[PDB]
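> structure for the following, please:
(one chain, ligands or ions: 1)
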Amino acid sequence: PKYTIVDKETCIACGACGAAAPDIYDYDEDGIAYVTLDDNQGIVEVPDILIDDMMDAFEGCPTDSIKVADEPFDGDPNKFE
Ligand code: SF4
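Residues are numbered from 1 along each chain as shown. Next comes the structure:
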């Protein structure tokens with residue numbers, strides 16, 4: 001499986017990820033991205049049909065703020081660092 005999460009501490013509010021993967025990422029009132037699948041907790045497996053969009057958003061993010069992993073993040077975007 002795949003899980004994804006935004007590191008809100010590094011996001012620069014550029015609007016690219018919601019364009020790449022609108023069913024996965026949206027934004028708070030200040031434009032900081034978050035994963036809508038699971039309220040940015042990194043615990044809901046990304047649907048198979050959405051993985052390619054997820055990878056577009058992940059690869060495109062200018063500040064490497066989107067994380068992807070094969071195990072849940074359990075709330076911590078920096079778990080695998
Ligand atoms: S693409 Fe990256 S920097 Fe831009 S809004 Fe999404 S998470 Fe933030």
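> against which helices or strands is the longest helix seen in the chain packed?
The residue-count maximum for a helix in the chain (DSSP state H) belongs to helix 51-60. Packing contacts for helix 51-60, counted by 3 or more CB pairs under 8 Å, 6 or more residues apart in numbering; DSSP states H and E, involve strand 3-6, helix 16-20, strand 66-69. In short, each C-beta sits where N, CA and C put it, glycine included.
> what residues does this structure put near the ligand?
Residues of the chain lying close to the ligand by CB under 6 Å from any ligand atom are 6, 11-17, 25, 33, 61-63, 65-66.
> about what we covered before: can you tell me which of the helices and strands packed on helix 51-60 is packed in deepest?
Mean neighbour count (mean count of other CB atoms under 10 Å) peaks for strand 3-6 among the helices and strands packed on helix 51-60, with a mean of 25.
> contacts for it?
Residues from elsewhere that reach strand 3-6, judged by CB atoms under 8 Å, 6 or more residues apart in numbering: 17, 24-25, 32-35, 37, 40-46, 54, 57-58, 65-73, 77.
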